[PDB]
Amino acid sequence: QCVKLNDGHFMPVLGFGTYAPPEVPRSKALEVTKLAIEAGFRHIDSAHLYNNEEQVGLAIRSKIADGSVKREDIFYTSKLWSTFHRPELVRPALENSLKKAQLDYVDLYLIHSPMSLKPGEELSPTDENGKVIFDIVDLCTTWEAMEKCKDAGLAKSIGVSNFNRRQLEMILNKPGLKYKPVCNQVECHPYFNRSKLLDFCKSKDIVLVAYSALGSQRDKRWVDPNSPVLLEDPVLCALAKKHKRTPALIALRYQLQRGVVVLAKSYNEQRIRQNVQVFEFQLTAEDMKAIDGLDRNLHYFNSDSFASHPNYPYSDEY
Ligand SMILES: NC(=O)c1ccc[n+]([C@@H]2O[C@H](COP(=O)([O-])OP(=O)(O)OC[C@H]3O[C@@H](n4cnc5c(N)ncnc54)[C@H](OP(=O)(O)O)[C@@H]3O)[C@@H](O)[C@H]2O)c1
Ligand SMILES: CCCc1n[nH]c2c1[C@@H](c1cc(OC)c(O)c([N+](=O)[O-])c1)C(C#N)=C(N)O2
């Protein structure tokens, strides 16, 4: 079921990823989120970026209205987009997310990325030459606004996404800090298992939440299509055969036994239901060690433009 956060709240260890590319109809987000809840998902991951908060919130309201769940049975996450890092913009961002989702509070509000962008209403602002426009913001002040969001009872918990150890320390060592981040949501899978960052986070009682745990959606706008397909991995498949499960299930179970909270996106009803089966079996100490050895220092996120961002979390590479 759950893990206790450092603010005394609880996060379910399996979460449902709601993002789908824009070629997919937006109503589909409503339909598949109802499916995920119907299947046993209680943690739902969304964001302003995904442009789907209305539909995900409608799914949540739907399953509350028909009596399948209470609001407090549901752990709902949303994220502050990078055009709203400047501190006076943060609460308005959160209030707009709540208005779109028609919810009174999010269970978790995150800084979506440390890579600040030009303030405004374009989510992807570009210049006359079509290059992305960065902004420069002290994320400590952004965090202070996030803390006020918790105090105002608008977010149950607060945390970050896409921070490295350096950027976590920055918040952690902030003068007059009220709340540490409850989690850090980062790309994490057997080819990028983030063991160093994971050990740091545990040291700080900060939950690590894995995204692209299944190797990503391999959107060729943001991922090199010829990168290895995570779920076609020899070891994962051999393990799949050993446990009579699927590579996806092995990849998911892997994170759970490391103490990583794990996300899984699917827009396919059968795969949504297969994924909750992660709780049906266990991997041995020997199996875990074998998956550890798969690490290739490979993040699927690939973008030349964002790599030159000052706060690009992976800038040590290069
Ligand atoms: N920067 C960030 O904070 C960030 C970045 C990325 C993701 N995230 C969040 O966390 C989630 C991370 O997932 P992701 O979008 O990167 O993709 P993912 O969870 O790694 O899944 C990748 C693909 O795996 C397929 N899949 C799912 N279950 C499967 C199964 N049992 N067997 C085989 N294939 C299966 C899905 O395809 P189908 O739809 O066809 O089933 C999906 O497109 C996102 O949805 C989003 O909520 C956050
Ligand atoms: C604008 C669309 C960007 C996009 N389309 N396909 C992608 C992205 C990247 C992404 C960035 C995110 O917040 C910075 C994010 O939250 C999510 N998400 O939730 O799926 C995805 C990404 C990564 N990592 C990978 N592997 O594929």
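Throughout, numbering of the chain's residues begins at 1 and tracks the sequence.
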> Should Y76 and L30 be counted in the same cluster of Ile, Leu, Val, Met, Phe, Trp and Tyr side chains packed under 4.5 Å apart?
no
> Restricting to non-hydrogen atoms, name the atom on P225 and the atom on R218 that form the minimum distance, rounded to 0.1 Å.
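The answer is O-NH2, 2.6 Å.
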> What heavy-atom pair brings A251 and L214 nearest, and what distance separates the two atoms?
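Residues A251 and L214, closest heavy atoms: CB-CD2, 4.0 Å.
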> Start with the C-alpha distance between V182 and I206, add both sets of side-chain angles, then the distance that settles side chain to side chain contact (heavy atoms under 4.5 Å, CB included), and finish with yes or no.
CA-CA 5 Å; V182 297; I206 294 176; over 6 Å; no
> Measuring only between side-chain heavy atoms, which start at C-beta, is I250 closer than 4.5 Å to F281?
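They are in contact (side-chain heavy atoms under 4.5 Å apart), so the answer is yes.
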> Run the salt-bridge test on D73 and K63 with the 4.0 Å N-O cut-off and return the result as yes or no.
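So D73 does not pair with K63 through a salt bridge.
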> Write down the atom of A47, the atom of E53, and the distance for their closest heavy-atom approach.
O-CG, 3.4 Å
> Counting only N and O atoms by type, is there a donor-acceptor contact under 3.5 Å from the side chain of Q257 to the main-chain atoms of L283?
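Checked: pair present.
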> Any non-hydrogen side-chain atom of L294 less than 4.5 Å from a side-chain atom of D233?
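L294 reaches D233 side chain to side chain.
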> Between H9 and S157, do the side chains contain a donor N or O and an acceptor N or O under 3.5 Å apart?
yes
> Just by modelled atom types, is the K156 backbone N or O under 3.5 Å from a matching donor or acceptor in the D107 side chain?
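No, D107 side chain to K156 backbone: no donor-acceptor pair under 3.5 Å.
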> Can you tell if the side chain of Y267 reaches within under 4.5 Å of the side chain of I272, non-hydrogen atoms only?
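No, every pair of side-chain atoms sits at 4.5 Å or beyond.
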> Measuring only between side-chain heavy atoms, which start at C-beta, is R26 closer than 4.5 Å to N52?
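Sidechains of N52 and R26: in contact.
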> Could you tell me whether the side chains of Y312 and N164 share a donor-acceptor contact shorter than 3.5 Å?
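Result is no, nothing qualifies.
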> Between the main-chain N or O of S46 and the side-chain N or O of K79, is there a donor-acceptor pair closer than 3.5 Å?
yes
> Which distance, rounded to the nearest 0.5 Å, do you find between the CD1 of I136 and the NZ of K118?
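Reported to 0.5 Å precision, the distance equals 12.0 Å.
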> Treating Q255 as the side-chain partner and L252 as the backbone partner, does any N or O pair qualify as donor plus acceptor under 3.5 Å?
no
> Check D292 against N193 and note the closest heavy-atom contact, atom names and distance.
O-ND2, 3.6 Å
> Would you check, one step at a time, whether the test side chain to side chain contact (heavy atoms under 4.5 Å, CB included) holds for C183 with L110?
CA-CA 9 Å; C183 71; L110 302 172; 3.4 Å; yes
> What verdict does the side chain to side chain donor-acceptor pair (under 3.5 Å) test give for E317 and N297, after you've listed the backbone C-alpha separation in whole Å, the side-chain angles of each residue and the deciding distance to 0.1 Å?
CA-CA 10 Å; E317 101 198 359; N297 191 26; 6.0 Å; no
> Hydrophobic clustering (ILVMFWY, side-chain heavy atoms < 4.5 Å, transitive) - are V229 and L298 grouped together?
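Looking at the clustering, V229 is in a separate group from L298.
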> Would you say the ring centers of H48 and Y109 fall short of 6.0 Å from each other?
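Between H48 and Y109, the centre distance exceeds or equals 6.0 Å.
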> Assess whether a salt bridge exists between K180 and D205, defined as any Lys/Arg side-chain N lying under 4.0 Å from an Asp/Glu carboxylate O.
no
> Would you sort out whether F41 and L14 count as a side chain to side chain contact (heavy atoms under 4.5 Å, CB included), showing the intermediate values?
CA-CA 7 Å; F41 279 92; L14 174 60; 3.5 Å; yes
> Nearest 0.5 Å, please: how far is CD in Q270 from CG in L35?
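Going from CG on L35 over to CD on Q270, the span is 9.5 Å.
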> Does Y179 offer a backbone N or O that forms a donor-acceptor pair with the side chain of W143 under 3.5 Å?
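Side chain of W143 to backbone of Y179: a pair is present.
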> Would you confirm whether the ring centroid of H43 sits within less than 6.0 angstrom of the ring centroid of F16?
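Centroid distance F16-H43: not below 6.0 Å, so no.
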> Between the side chains of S27 and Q55, is a donor N or O closer than 3.5 angstrom to an acceptor N or O?
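Their side chains do not contain a donor-acceptor pair, so the 3.5 Å distance test is not met.
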> Can you check whether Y254 reaches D287 side chain to side chain, under 4.5 Å on heavy atoms?
no
> Decide whether a cation-pi geometry holds between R71 and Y105; the criteria are a distance under 6.0 Å from NZ or CZ to the six-membered ring centre and an angle within 45° of the ring axis.
yes
> Any donor and acceptor pair, going by atom type alone, linking the side chain of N302 with main-chain N or O of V223 inside 3.5 Å?
no
> Hey, do the aromatic rings of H189 and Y300 have their centres closer than 6.0 Å?
yes
> With a distance cut-off below 6.0 Å to the six-membered ring centre and an angular limit of 45° from the axis, does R194 pair with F192 as a cation-pi contact?
yes
> On a heavy-atom basis, which atom in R258 and which in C188 lie closest, and how many Å separate them?
NH1-SG, 3.6 Å
> Are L58 and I74 connected into the same hydrophobic cluster when the rule is that any two of I, L, V, M, F, W, Y join if their side-chain heavy atoms are below 4.5 Å apart?
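Not linked; separate clusters.
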> Keeping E144 on the side-chain end and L177 on the backbone end, is there a donor-acceptor pair under 3.5 Å?
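Not confirmed, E144 side chain does not pair with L177 backbone.
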> Let me confirm one number: the CZ-CD distance from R42 to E72, rounded to the nearest 0.5 Å.
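CD of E72 is found 12.5 Å from CZ of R42.
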> Is the number of heavy atoms from other residues, nucleotides or ligands within 6.0 Å of CG (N268) greater than 12?
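Atom CG in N268 is crowded, with more than 12 foreign heavy atoms closer than 6.0 Å.
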> Kindly say whether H85 contributes a backbone atom to a donor-acceptor pair with the side chain of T142 at under 3.5 angstrom?
yes
> Would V260 and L208 count as a side chain to side chain contact (heavy atoms under 4.5 Å, CB included) if you check the C-alpha gap in whole Å, the side-chain angles of each, and the deciding distance to 0.1 Å?
CA-CA 5 Å; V260 165; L208 190 143; 3.9 Å; yes
> Before giving the answer on side chain to side chain donor-acceptor pair (under 3.5 Å), spell out for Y211 and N162 the whole-Å C-alpha distance, their side-chain angles and the decisive distance to 0.1 Å.
CA-CA 10 Å; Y211 73 64; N162 294 117; 2.6 Å; yes
> Are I158 and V137 linked, directly or through intermediate hydrophobic residues, by side-chain heavy-atom contacts shorter than 4.5 Å (ILVMFWY only)?
no
> Are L117 and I133 side-chain neighbours, meaning at least one heavy-atom pair lies under 4.5 Å?
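Result no, sub-4.5 Å side-chain heavy-atom pair not found.
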> Does one side chain, of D224 or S227, offer a donor that lies under 3.5 Å from an acceptor on the other?
no
> Quick check for you: to the nearest 0.5 Å, what is the distance between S203 atom OG and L168 atom CG?
9.5 Å
> Mind telling me whether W222 and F301 have parallel, tilted or perpendicular rings, with 30° and 60° as the class edges?
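Taking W222 first and then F301, their aromatic rings lie parallel (interplane angle under 30°).
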> Quick one, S68 with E38, criterion side chain to side chain donor-acceptor pair (under 3.5 Å). Give me CA distance, side-chain angles, the key distance, then yes/no.
CA-CA 8 Å; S68 311; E38 263 146 20; 5.7 Å; no
> For the residue pair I44 and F75, establish whether any side-chain heavy-atom pair is separated by less than 4.5 Å.
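A side-chain contact under 4.5 Å is absent here.
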> Looking at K150 and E147, does any basic side-chain N land under 4.0 Å from a carboxylate oxygen?
no
> Going by heavy atoms in the side chains, are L89 and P119 under 4.5 Å from each other?
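SC-SC contact between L89 and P119 confirmed.
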> Decide whether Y50 and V24 are clustered together by the hydrophobic rule: side chain heavy atoms of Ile, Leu, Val, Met, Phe, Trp, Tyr closer than 4.5 Å, transitively.
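Yes; tracing contacts between hydrophobic side chains, which count when under 4.5 Å, links both residues.
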> For the residue pair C201 and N184, what are the closest heavy atoms and their distance?
SG-CB, 4.4 Å
> Just by distance, do the side chain of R91 and the backbone of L94 share a donor-acceptor pair under 3.5 Å?
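Side chain of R91 to backbone of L94, a donor-acceptor pair under 3.5 Å: no, none is there.
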> Could you tell me the separation between the CZ atom of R61 and the NZ atom of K34, rounded to the nearest 0.5 Å?
12.5 Å
> To the nearest 0.5 Å, how far apart are OG in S82 and NE2 in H112?
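Interatomic distance, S82 OG to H112 NE2, rounded to 0.5 Å: 7.5 Å.
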> So does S212 get a backbone contact from the side chain of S216, meaning a donor-acceptor N/O pair under 3.5 Å?
no
